[PDB]
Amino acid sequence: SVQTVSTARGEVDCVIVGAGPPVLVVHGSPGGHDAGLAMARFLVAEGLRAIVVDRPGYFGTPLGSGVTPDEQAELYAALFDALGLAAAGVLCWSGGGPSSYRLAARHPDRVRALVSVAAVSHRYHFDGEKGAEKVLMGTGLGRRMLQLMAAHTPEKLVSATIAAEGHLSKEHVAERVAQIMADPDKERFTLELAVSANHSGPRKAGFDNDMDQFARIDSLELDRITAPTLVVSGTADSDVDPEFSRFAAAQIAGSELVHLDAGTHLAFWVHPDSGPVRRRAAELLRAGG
């Protein structure tokens, strides 16, 4: 299902799925179209169509198609041109923030609505990984272990992921895990995103590029954004601090900020009160369609 689209800004890979008002779905760091499709499932179910990119440096999209957040925004607009598309909704999460914010800021005519989930909204510095976590997230061996865990010990993987992505107590992690193991969509989402967190191999170029670029952000100029905007933050997110979302909402006039109490970085998909937020996101992204 991956298609290469030749744009005026270079080649970009994407997966085109669903039917309805279109939404550009922008993965985090690391990520790729696997993460993006997992992010997009609720949209397809709500009767929207998703355009799920591989950002430059991930899988088949060459880094040269856009290194900076601003160049990645330029690529997305060039992708819309290559699809004959005037404008689309935008759904971003985490490291998908900067390029999505730039698209909304500098190409406002191309963005119908913005849903920004725990998104990097200003300069950000990655804390490296040490010891076992480093091997697990940084190597092909680590990648294979995550794949085996997802296939064969899914509850253990879900637990590890919820703990890594939040500041929750042991007891609250276990409560979240039991919820997820009772909802097949939540389980599937979590397992897919856990595997995509490993930045080795074909995710390495894009991941290293994102870490370098996010550390160099001057301003993304979110105050320029005029799209109707929903910003979503889990209060226990240990990956992208809630302050990034409060900042973003304060910059974007008319934006709405939704907090998910005791939510991890995955809250918008896995928090027990997230269903209404996804429904609201979908309605916003339909943008009168």
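Residue numbers run from 1 along the displayed sequence.
Averaged over Cα atoms, the B-factor as recorded in the entry is higher for 141-149 than for the other of 76-84 and 141-149.
Mean CA temperature factor is higher for 170-178 when stretches 170-178 and 88-96 are set side by side in the entry. In this PDB entry, the Cα temperature factor of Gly36 sits in the bottom third of its chain's modelled residues, the lowest group. Residue-level temperature factors show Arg102 in the lowest third of its chain, judged at the C-alpha atom.
Placement of the Cα temperature factor of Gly263 within the chain: lowest third of the modelled residues, per the deposited record. Sorting the modelled residues of the chain by their CA temperature factor places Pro30 in the middle third.
When the CA B factors of the chain's modelled residues are split into thirds, the value for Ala45 lands in the highest one.
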